[PDB]
Amino acid sequence: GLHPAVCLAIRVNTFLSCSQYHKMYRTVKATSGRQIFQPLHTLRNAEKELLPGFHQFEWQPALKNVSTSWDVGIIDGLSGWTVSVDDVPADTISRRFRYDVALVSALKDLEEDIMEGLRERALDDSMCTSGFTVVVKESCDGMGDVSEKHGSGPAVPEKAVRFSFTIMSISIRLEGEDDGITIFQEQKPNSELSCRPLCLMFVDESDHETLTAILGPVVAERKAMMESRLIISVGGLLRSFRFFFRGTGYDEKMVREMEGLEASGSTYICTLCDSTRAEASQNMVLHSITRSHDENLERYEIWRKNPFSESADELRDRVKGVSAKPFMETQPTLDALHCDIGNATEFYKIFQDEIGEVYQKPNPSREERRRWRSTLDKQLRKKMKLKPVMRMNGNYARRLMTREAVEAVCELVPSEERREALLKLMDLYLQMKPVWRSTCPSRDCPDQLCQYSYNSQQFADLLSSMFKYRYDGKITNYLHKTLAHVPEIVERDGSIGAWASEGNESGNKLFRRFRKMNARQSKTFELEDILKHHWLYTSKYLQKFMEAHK
Amino acid sequence: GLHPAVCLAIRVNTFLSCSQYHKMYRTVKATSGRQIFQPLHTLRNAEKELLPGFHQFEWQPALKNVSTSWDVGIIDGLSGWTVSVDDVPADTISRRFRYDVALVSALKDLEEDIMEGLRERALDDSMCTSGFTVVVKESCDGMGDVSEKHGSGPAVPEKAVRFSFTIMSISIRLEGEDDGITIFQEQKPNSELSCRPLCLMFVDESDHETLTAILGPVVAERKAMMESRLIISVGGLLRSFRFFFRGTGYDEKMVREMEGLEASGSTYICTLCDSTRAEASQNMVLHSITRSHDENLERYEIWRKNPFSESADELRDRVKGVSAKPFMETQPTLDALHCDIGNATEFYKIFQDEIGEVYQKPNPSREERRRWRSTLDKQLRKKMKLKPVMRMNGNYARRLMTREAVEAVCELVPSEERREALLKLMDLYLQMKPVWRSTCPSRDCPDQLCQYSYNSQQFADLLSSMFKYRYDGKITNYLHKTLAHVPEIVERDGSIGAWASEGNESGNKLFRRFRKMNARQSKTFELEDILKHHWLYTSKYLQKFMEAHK
Amino acid sequence: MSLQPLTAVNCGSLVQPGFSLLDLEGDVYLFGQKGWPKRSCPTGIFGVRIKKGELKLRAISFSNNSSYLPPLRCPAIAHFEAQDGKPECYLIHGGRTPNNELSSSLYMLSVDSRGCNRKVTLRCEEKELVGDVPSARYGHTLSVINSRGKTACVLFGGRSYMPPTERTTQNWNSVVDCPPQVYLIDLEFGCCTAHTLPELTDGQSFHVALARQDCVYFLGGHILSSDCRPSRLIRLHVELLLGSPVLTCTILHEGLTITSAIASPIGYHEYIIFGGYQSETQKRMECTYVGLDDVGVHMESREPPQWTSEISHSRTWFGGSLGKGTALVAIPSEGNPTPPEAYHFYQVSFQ
Amino acid sequence: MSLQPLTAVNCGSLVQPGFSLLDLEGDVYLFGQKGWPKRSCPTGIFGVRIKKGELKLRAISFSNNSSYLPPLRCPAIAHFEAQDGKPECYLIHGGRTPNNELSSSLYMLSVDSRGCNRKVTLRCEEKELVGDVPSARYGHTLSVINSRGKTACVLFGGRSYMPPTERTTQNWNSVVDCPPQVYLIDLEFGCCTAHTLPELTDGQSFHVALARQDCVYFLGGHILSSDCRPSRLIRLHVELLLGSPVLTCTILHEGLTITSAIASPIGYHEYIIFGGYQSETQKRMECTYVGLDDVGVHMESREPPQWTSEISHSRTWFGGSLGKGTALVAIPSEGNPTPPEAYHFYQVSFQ
DNA sequence: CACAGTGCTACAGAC
DNA sequence: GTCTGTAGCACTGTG
DNA sequence: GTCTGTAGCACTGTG
DNA sequence: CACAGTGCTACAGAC
DNA sequence: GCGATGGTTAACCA
DNA sequence: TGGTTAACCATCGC
DNA sequence: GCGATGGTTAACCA
DNA sequence: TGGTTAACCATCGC
Ligand SMILES: [Mg+2]
Ligand SMILES: [Mg+2]
Ligand SMILES: [Mg+2]
Ligand SMILES: [Mg+2]
Ligand SMILES: [Zn+2]
Ligand SMILES: [Zn+2]
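Chains as they are written, first to last, in the UniProt record's numbering: chain Y, 480 to 1029; chain F, 480 to 1029; chain G, 1 to 351; chain R, 1 to 351.
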């Protein structure tokens, strides 16, 4: 017959509801069997191994303010809310894995592949056990429009925030004095099967009380985790690891309320640097990264305290937009996806503006503006094959950003110098497009990384020259970032778009199916099985069972 | 290994994407195989023996103005719109089966069970092949909110219309002089697995142009189909069938739209009778069913021609709601689902009214109405375990009208002779619920059918006396029908709920799962696959492979 | 010769690609709303008034004597001008019903009484048709002729559903040009006799007819069989004689090729032809002044109103004359959430 | 006594179950709000006005020399009355930060300068604390005392997160009553000394403190150790003498058993206690007039206002005194689409 | 430069 | 000569 | 004595 | 009186 | 949540 | 006055 | 479609 | 005058 684990992989990888899988199993058993598939119960006990709270492990030194028990599974995210009618309400439904246990079950999942690396690298598998380093991308995204279930209660919001992490790489260092050798480097970080769901809530991310009240313990786990080395028995030998966290693949609204900024359309645009709106439109390309987490903290402390006794606006100008207190560190960087979409919405604006001629008529009425858009979308429907979307998805963004698509707009634009202007513009943008999209720019697209700065100078001078009528005193957030800070963060991090929110947001799609297809389903246990089945979806130990190579 | 068809039904009946099925297949083959499942191509080959346009059949006499070719599969529902720019647009995308071919597949697929009926009846399978009669419930429903695809075009609405049919029964009459004996009586018509999708459109259903355009051919082959008798070789013997057509399981907006009546809240509130609102409020319970298709046509001619030369309102009062011309004949009946829902929304209004005393205060401020709904839903969720809902779903409507929930809202209303007023009201209503909603009232719940009229009298004058402040000059459509025309119909049919809109509007869930996971997906090719895979879902021959004697 | 953009305010939802604007006794009336009449308008006819860039529609009550016609999409419209003892009619036949069907019942529309606030009571009398009746057809044209001195109607063009042999469930919504036979329609009584003659080898469709003093000029139609748009121009000459009518027709060596064209009567018999299409993709831009001389029709190309980008790049467009040398056109608009005004409207004016 | 139903108009989203209403120099000010301060109100403090059933909130600018406090949800509020040196201040400590934490820093809020038209500048100066300092805690109470004749602030009650050593990531939001030690807070300088009570065997929370000359009455509040609400009433009597304060506490063992009570001053020292809860499924409908006699506190039951059905059947409710005998309460509302204003508001008044 | 599908026809590599 | 398996196609849904 | 299979639970989504 | 699930614990019927 | 009916009231053209 | 007149309402069903 | 920023303009209480 | 307070619009990101 079939091995139980292999079968279980057949199940979770093909998206099979346990009910549906029991249907199939029963059938093939009763009809010409001699059963092949293993019945539900052996599957259920076979997956005990994969889920967190299985493999025994220990940190050194022991974590500050964390439980030492390693067998703990799904926990209600409340983390002890005393549910007094008098106190803050219990409204939230949440289920999360305790961070470190999730981490070990995700990494002990890669034991085979890190052994693979150690063998392939021609390193001794027995030698150098303690010199491991592990780079991990954490991510968080809110997802609206989640149907509430009738249930027993509690009455709970229709928004759901989903929080996850992906293991990007593991590299040896010790002996020392080296680059460190990369044992494992994830091939497709932009895949949903590379993303392991950590936590599940029903909360709006604009509701700060509740969100901080759930995610607080998690962040604590992080601040502890940055120090101690992990210790796991792996591949037969007990080895010691390290952990590097990159908070990345957040949308900007989320960065700003989590990094405690004033958001998102204010006169202080950039997360990374202090430049104002008009100040940034004045000179675009030249900026240096300044603001970080520790900085945001000291800034809050000099806002809340306000030692020099400045009034509202001068104080707001001293701290450059730090009002709220940041509770979470985020490595400074630009999301590939949302920046792409942002630039595409700005270009949507520009195209709209060149349908009629809007630098000749400084303030046109709303009517012929709607008229203009209808023109633009009729055209974009004909050529480029594009439905007039409500909110702009990244797919649209990728389809409209081409020389090819810009051509469709070139047709309507009345004059030649403008028609040529936005074409030249798009060419300039596409030459700089892969640097924040492509996985590893250093190699994949070397010259476009080499020539970026000059090219952005070109672009910005095109704006300042022929497009100034729009960009006189203003420029968008993301467009600013992409015309300023790309070279810096690439030559620092080494990659961008490798760190993209793409992996995480895609995860949201899975959530929905899992909630609908693989849930209980009731408000008591839903997140239980969503989170479970999802974590079982991402596991490489099942996935290479599904490879069954060739 | 195992049989191709059995496997095909391991897929279709478990909701398995062909790609996913191929994933699993490849895995179980490569790992300890000795392949078990059949590769995709023999599945695709196997399902050609089910889908319509397979089995050869013949009608006598020949169907008027319909093609005689029996092998035809999926047809684009356009029926060849000439797509001149200058004519009416080609905007709609549609895929339908040719009606009769669909039927013969959905029937010869019941061949095993019809022979089963013959041998079980201890009838001789060779004798009496002519006297077969088949009663089929056709249905239609609009489903809003369908995403466009970016596609090549054409520009197409975000609404869909899904038209289907279920075979309800087959009975033998000949020799003659008898009841006719029921060979096959469907056990669960309210299941989605009993409803076979016949036609699929992307069209708004309040768009009469395109709806009548695409759905026209269907109705025509209907008007032909009710006359000629079908002839099918079945069980080795060529046998002759008759067909009976019950239009049922339509929403009322759809009804009114299709018979050319006023919609839906007008002064003529009845599909099955001529009474106005006031006339219905005065004497609630006594009405005799009048309305039908043929004289609805005569009515349209009276309106359009206006032979006696009458003023607009005098003419509209004479012909009583007939302005438009009826396209399609439907049986004069009450949909179970939307009636449960509509009576429940009426009751929602009555409870809401009985929180703050609304007969003491002839009119409220909107603010205190909002207040009343707030308290109502807060308490309802507290006890009855019901979240507040934006629309009235049937499930909510079922958890709503009970003694439980009424005694839940009886806590709020301060007056103690009003409490047992609406309580006794609900008791009466519950006592009259199963008569329309049961599958076969004559059998299932004989005394409630027996005592209906008297009971509805009680209900009615309970309103007219105690509740009159609301019901003085007005009442709900559905609430009118259910207090009048239930007894008339269930002795004209034998059931109401058996004919309900459940089978069809459960089919929407399947439309969305299939389009989303079992479609192409390109705007051109998608409907083909939704419709095909769905038809394959409903097939009995594929379904009975899923127990095989449990 | 300029355009102004219009806002449709409320109720743009009742305009659809096939429709008709009837100019009689001053104010002009929209006809053929989308779908069956909602009881906000039990008649199905809207008085349309344009003030200060604003397009407005108003319900028109019907007189007690009237039959209430369905909202037909592409009927043949002919203005029957005021004279003894009729005045004054808009003749409509037959269009095609919202529940998709073709009428083949000729409606005679007229004004009755007013105002008092300048309401207009209208009356619709379908005229029964004796003799061989013109088949159900749509998108054709009909026009008025006056000869010695008897007045009648001439009916020509259009398409129809397949004849009840080729009739099919698979081929239904597929149409075909009707046979090239004109119908001479005596407006009293309902006798309409069919007529034919060799110079018509095919049914033209969506063509525009113009009528002056017992002569009718048909601008290029759309032929389905050979799927092309003849630059040929039809001229028919009818002599009404007791007891038999004589029709003689001829061709113009060259002329205009356009389908689905809008005609606005600027002068006496001279209309600016706005025009729909030169081709199955490319739509007609240049506008053509068409005068009618007793010698023969002639077309002077007029400098086309400067087009805003939208109306120039549209795939399809439609409209009708408000009259007064002024016409209304509409461009289908796309974006979501649906505007929900399915059409942007433009007023276009000559002189 | 009666209630007037209120409409929230705009700005209804800035109230959350924990919050404060400070009555000083005429108009009363909403303090604490959902989330961090937005730029519509960089301070976070809102002036509130009620006119003709309308509840209005407006921004309050801060003076230059001021600090800016976070929107604390359940702080201990004490009105420090007009006297030397600077009138008149609302004392706030320490609340719970929207980014979830407890501010252990005590804020001193004073009125600074008006006008002109309905405009008041407020100055927020946190007073640094030398000690012996009190822990971060929330939902407790703080009240003003005057003894011979030196003035101080008595601090007691409340909850906190489990002590740093025993706190888990699994048990965090586990929250325990703080130890039963009062703090005597000298308002200058920041020295606030801890003091232990022979009569207090348990930590109390959401209790309601009242105060008059050198005396404070703690009206009953929730205990999380035994999960019960004591009917007993706490009396404490402080005597401030150089160089050490002497506090004595006693019990009067019959009184109200309540949690989260709204105290609205009507007369000189006599508040009405509106009041939050009987049991944890039960909310107090019965309103209690509380006078303070030098002999001892006494409470007469007042006939409760007629409760409309909604406020009668709600699960939870909250509010604060507008002052002058008038108070504001709020009932959480639900239906979808969301209300959007999550709370309906009621005004309630004595006499 | 997201990714893992989405079902089907086309055409190759395999006994 | 039949059986089997991946690539081509345009486009998806998560933002 | 282990293995296997259905029932209990509250609630779904299509309206 | 919709229905076929929805995953899991409970407890029976089977070698 | 969208669309259509019906009547009350209120804006406005003559 | 008169008929809009756009509006706003509550009504009814999807 | 939703929430928050920011500037111009406009309603309104003194 | 003055700043409410609305009100609207255009900006910016989800
Ligand atoms: Mg979000
Ligand atoms: Mg429906
Ligand atoms: Mg519908
Ligand atoms: Mg997001
Ligand atoms: Zn920047
Ligand atoms: Zn009736």
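We put the beta carbon where it would ideally sit given N, CA and C, even for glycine.
Rounded C-alpha distance that separates residue i from residue j
{"i": "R523/Y", "j": "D624/Y", "result": "32 Å"}
{"i": "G512/F", "j": "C924/F", "result": "56 Å"}
{"i": "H140/G", "j": "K903/Y", "result": "50 Å"}
{"i": "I311/G", "j": "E836/Y", "result": "16 Å"}
{"i": "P676/Y", "j": "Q517/Y", "result": "27 Å"}
Beta-carbon neighbours of residue i, restricted to chain F and to distances below 8 Å
{"i": "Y277/G", "result": "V564, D565"}
{"i": "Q170/G", "result": "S546, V551, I554, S558, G559, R577, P696"}
Per-residue contacts from residue i into chain F (C-beta, under 7 Å)
{"i": "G190/G", "result": "Here the premise fails: no neighbours, minimum Cβ distance about 15 Å."}
7 Å Cβ cut-off: residues of chain R touching residue i
{"i": "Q858/F", "result": "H313"}
Collapsed DSSP secondary structure at residue i in the structure displayed
{"i": "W307/R", "result": "coil"}
{"i": "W538/F", "result": "strand"}
Proximal residues of chain Y, C-beta to C-beta of residue i below 7 Å
{"i": "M1025/F", "result": "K502, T506"}
Beta-carbon neighbours of residue i, restricted to chain R and to distances below 8 Å
{"i": "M863/F", "result": "Under the 8 Å cutoff, chain R gives no residues; its nearest Cβ is about 13 Å from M863/F."}
Closer than 9 Å at the beta carbon, the chain G residues around residue i
{"i": "residue 1038/F", "result": "Because chain F spans 480 through 1029 in this model, residue 1038/F falls outside it and cannot be assessed."}
Contacts of residue i in chain Y (Cβ-Cβ under 9 Å)
{"i": "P37/G", "result": "By Cβ distance, chain Y contributes nothing, its closest Cβ being about 29 Å from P37/G, past 9 Å."}
Closer than 8 Å at the beta carbon, the chain Y residues around residue i
{"i": "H222/R", "result": "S563, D565"}
Counting only Cβ-Cβ distances shorter than 7 Å, please list the residues of the region 146–168 of chain G near chain Y, keeping chain order. none
Interfacial residues, the region 311–334 of chain R to chain F, with Cβ spacing under 9 Å: Those residues of the region 311–334 of chain R placed with their C-beta closer than 9 Å to a C-beta in chain F are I311, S312, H313, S314, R315, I331, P332, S333, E334, ordered along the chain.
According to a CB-to-CB cut-off of less than 7 Å, which residues of the region 821–839 of chain Y neighbour chain G? When C-beta distances to chain G are compared with 7 Å, the residues of the region 821–839 of chain Y below that value are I834, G835, in chain order.
Please list, in chain order, the residues of the region 336–347 of chain G that have any C-beta partner in chain Y closer than 8 Å. Along the region 336–347 of chain G, the positions whose C-beta sits under 8 Å from a C-beta of chain Y are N336, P337, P339, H344, read in chain order.
Residues of the region 510–532 of chain F in Cβ contact with chain Y at a cutoff of 7 Å, in chain order, please. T510, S511, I515
Against chain Y: residues of the region 14–26 of chain R by CB proximity under 9 Å: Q16, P17, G18
Give me the subset of the region 879–897 of chain Y whose CB atoms are less than 9 Å from a CB atom of chain R, sorted by chain position. From the region 879–897 of chain Y, no residue has a Cβ closer than 9 Å to chain R.
Interface residues of the region 668–688 of chain F facing chain Y [CB-CB below 7 Å]: Within the region 668–688 of chain F, no residue has a Cβ lying closer than 7 Å to any Cβ of chain Y.
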